[PDB]
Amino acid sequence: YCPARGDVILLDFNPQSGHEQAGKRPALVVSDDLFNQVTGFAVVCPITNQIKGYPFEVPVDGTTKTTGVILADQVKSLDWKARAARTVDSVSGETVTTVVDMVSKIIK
C-alpha cells in the first residue's frame, strides 16, 4: 500500500499532550504517487466537517462516503507510515486541482 494523489486517507493524530483527542483524521493527498512511495511522506490537506466559509475551505467533491471541506492552507507533508495511513475514499480531479491551485498561490 501507498497513498495515491486524490485519495482521502485516515491518518493517526497522536499528540502526547494538548486538549485535542487522539484518533484518526481524514485528509486529502495532493502529492504525486511516486513521491509518496519513494520518500515515505505524503503531502496532505486536512479534511473537516466544520464549514465556516473560510476562504481556503475547498468543498469535497466526487466522493463515495466523504463530506465536508478541505483546508488548503493547512497543507502538510506527513509520514504516512508512522501515522498508519489508510485510503478510504477519493475525490474528483478538479477537487485536487482547486486545492493545489490554492497552495501554489500561497507559496507564490
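Residue indices: 1-based, along the sequence shown.
Chemist: Between 91 to 99 and 15 to 23, which has the larger average Cα B-factor in the PDB entry?
Modeler: Per the PDB entry, the higher value belongs to 15 to 23.
Chemist: On mean Cα temperature factor in this entry, is 35 to 43 or 62 to 70 the higher one?
Modeler: Higher mean C-alpha B-factor: 62 to 70.
Chemist: Which third, lowest, middle or highest, does the C-alpha temperature factor of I51 belong to within its own chain?
Modeler: Its C-alpha B-factor, which the entry lists for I51, ranks in the highest third among residues of this chain.
Chemist: Split into thirds by Cα B-factor across the chain's modelled residues, where does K105 land: lowest, middle or highest?
Modeler: Its C-alpha B-factor, which the entry lists for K105, ranks in the middle third among residues of this chain.
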